[PDB]
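Chemist: What shape does this take:
(one chain, ligands or ions: 2)
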Amino acid sequence: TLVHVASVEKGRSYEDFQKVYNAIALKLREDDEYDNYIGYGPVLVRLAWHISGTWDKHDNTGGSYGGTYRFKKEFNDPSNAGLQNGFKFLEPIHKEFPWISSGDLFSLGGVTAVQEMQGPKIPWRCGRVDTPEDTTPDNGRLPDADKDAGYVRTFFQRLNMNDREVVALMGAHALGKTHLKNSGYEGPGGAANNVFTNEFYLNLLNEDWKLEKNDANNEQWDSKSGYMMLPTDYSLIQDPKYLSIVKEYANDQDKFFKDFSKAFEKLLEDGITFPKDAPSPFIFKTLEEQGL
Ligand code: HEM
Ligand SMILES: Nc1cc(N)nc(N)n1
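Modeler: Residues are numbered from 1 along each chain as shown. Ligands and ions are numbered 1, 2, ... in the order given. Take a look at the structure below.
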């Protein structure tokens with residue numbers, strides 16, 4: 001029964017949001033020591049996904065619109081352990097630009113991180129509006145990592161994502177790493193973990209993977225190169241339909257970039273009704289493109 005209409009922050013336009021993008025991007029460059037010099041890019045991408053991934057297509061609950069991660073129930077979701085680091089990073093940004101909504105800020109943080117890490121451009125639309133504490137979705141809507149391809153496929157149907165969209169989105173697991181204290185998994189998915197590339201797919205196909213137990217007594221796939229895959233990551237090469245798509249992205253960087261950009265924008269916009277006369281999506285310039 002539930003409609004969330006995008007409403008542009010009063011009087012704001014592209015230039016306002018480019019300023020917010022720039023402040024996030026400059027801080028990404030500045031605060032470079034975080035997580036053993038990985039920097040904040042990966043955790044900001046994960047934050048944007050987790051605030052969006054609570055969405056349920058069946059009743060339009062959850063989703064990025066309401067900015068509900070700011071409330072303790074969601075902030076404290078065991079599935080969100082570690083994301084507090086991303087939230088703290090964004091605090092001074094919100095202080096400088098207090099007019100931006102929380103959902104706009106969290107989602108823009110993810111777009112900025114992807115682009116600054118040399119990923120694809122992600123078109124982004126403003127107008128998410130903060131909603132009250134009672135609209136916060138319950139814990140348990142984000143996915144488990146110990147499961148198989150059938151679980152992944154069914155899970156993502158709730159977010160209206162198909163096989164191609166799922167495999168494209170999972171390529172973000174090239175970024176950052178798993179941390180034992182956060183999730184019960186430990187290690188990175190590859191070498192270039194603060195640069196956005198198609199390495200996730202190459203590593204799935206090319207590494208010699210061993211099913212091992214980590215120090216939290218959970219199974220994960222490890223390679224001699226020091227990379228790891230979650231059981232749900234590895235499921236993408238166990239299922240024949242996912243495997244074909246993995247091979248496609250391993251062999252076509254541009255196609256992966258284009259498909260990721262579409263799926264990630266869609267993820268960040270699920271649940272939102274944009275008026276016919278809403279502004280077109282914004283495509284922000286990187287700091288590099290601006291000579292900044
Ligand atoms: C089946 C679906 C997925 C599962 C089970 C899953 C699970 C996980 C787990 C367990 C971690 C480690 C968290 C930690 O220990 O800090 C992680 C990290 C991460 N995830 Fe996912 N994830 C999924 C999909 C996605 C998607 C769709 C995206 C975004 C498009 C994403 C982006 C990330 C990023 C960037 C990190 C690294 C964060 C950091 O380095 O701090 N994941 N994921
Ligand atoms: N988030 C990540 C990063 C990474 N390097 N590997 C995996 N499996 N997941």
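Chemist: Who are the packing partners of the host helix or strand of residue 91?
Modeler: Here residue 91, judged by DSSP states H and E, is contained in helix 84-96. For helix 84-96, the contact count by 3 or more CB pairs under 8 Å, 6 or more residues apart in numbering; DSSP states H and E identifies helix 14-30, helix 34-37, helix 41-52, helix 102-116 as packing neighbours. To be clear about C-beta, it is placed using only N, CA and C from the backbone, and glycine gets the same treatment.
Chemist: And the helix or strand following the last one, what does it pack against?
Modeler: Put plainly, it is helix 102-116. Downstream of helix 102-116, the next assigned helix or strand under DSSP H and E is helix 149-157. On a contact count with 3+ CB pairs under 8 Å, 6+ apart, helix 149-157 meets helix 163-170, helix 231-238.
Chemist: Tabulate those helices (JSON lines), appending distance to residue 44 and mean neighbour count.
Modeler: Output for the helices and strands packed on helix 149-157, formatted as JSON lines (distance: least, CB to CB, whole Å; neighbours: other CB atoms under 10 Å):
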{"stretch": "helix 163-170", "distance to residue 44": "16", "mean neighbour count": "22"}
{"stretch": "helix 231-238", "distance to residue 44": "20", "mean neighbour count": "19"}
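Chemist: closest one to residue 285 among these?
Modeler: Comparison of the helices and strands packed on helix 149-157 against residue 285 by CB to CB identifies helix 163-170 as nearest, at 23.8 Å.
Chemist: Whichever helix or strand comes after the closest one and ligand 2, any residue contact?
Modeler: The helix or strand immediately downstream of helix 163-170 is strand 177-178, counting by DSSP H and E. Yes - contact of strand 177-178 with ligand 2 (CB under 6 Å from any ligand atom) involves 177-178.
Chemist: Tell me the strands beside strand 177-178, with direction?
Modeler: Looking at strand 177-178 with DSSP bridges, its partner strands are strand 187-188 (antiparallel).
Chemist: Arrange the helices and strands packed on helix 84-96 in a markdown table, one row each, with mean neighbour count as further columns.
Modeler: Conversion of the helices and strands packed on helix 84-96 to a markdown table gives the following (neighbours: other CB atoms under 10 Å):
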| stretch | mean neighbour count |
| --- | --- |
| helix 14-30 | 17 |
| helix 34-37 | 12 |
| helix 41-52 | 26 |
| helix 102-116 | 27 |
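Chemist: Those helices: which one's closest to residue 195?
Modeler: That would be helix 41-52 among the helices and strands packed on helix 84-96, by CB to CB, at 8.8 Å.
Chemist: just checking, what packs against that closest one?
Modeler: Applying 3+ CB pairs under 8 Å, 6+ apart, one finds that helix 41-52 contacts helix 14-30, helix 34-37, helix 84-96, helix 102-116, helix 253-269.
Chemist: ok so, going back, can you tell which of the helices and strands packed on helix 84-96 is closest to ligand 2?
Modeler: Closest to ligand 2 of the helices and strands packed on helix 84-96 is helix 41-52 (CB to the nearest ligand atom; 6.7 Å).
Chemist: List phi and psi for the residue of the stretch 101-250 of the chain found nearest ligand 2.
Modeler: For the stretch 101-250 of the chain, the residue closest to ligand 2 is residue 189, as judged by CB to the nearest ligand atom, at 2.0 Å. Backbone geometry at residue 189, expressed as degrees, to the nearest 10, gives phi -90, psi -10.
Chemist: next one: residue 282
Modeler: phi -90, psi 140.
Chemist: Same question for residue 286.
Modeler: With angles defined as degrees, to the nearest 10, residue 286 sits at phi -70, psi 160.
Chemist: how about it, what does it touch?
Modeler: Contact partners of residue 286, counting by CB atoms under 8 Å, 6 or more residues apart in numbering, are 25, 115-116.
Chemist: From what I see, residue 204 and residue 235 are in contact.
Modeler: No - with contact defined as CB atoms under 8 Å, residue 204 does not count as touching residue 235 (10.2 Å).
Chemist: Which segments of the chain make up each domain?
Modeler: Domain assignment for the chain, taken from curated CATH domains, gives 1-142+264-292, 143-263.
Chemist: which SS state does the closest residue to residue 236 other than its chain neighbours fall under?
Modeler: Of all residues not flanking residue 236 in the chain, residue 242 sits nearest, at 4.3 Å (CB to CB, 6 or more residues apart in numbering). Secondary structure, DSSP: H, G, I helix; E, B strand; the rest coil: residue 242 is helix.
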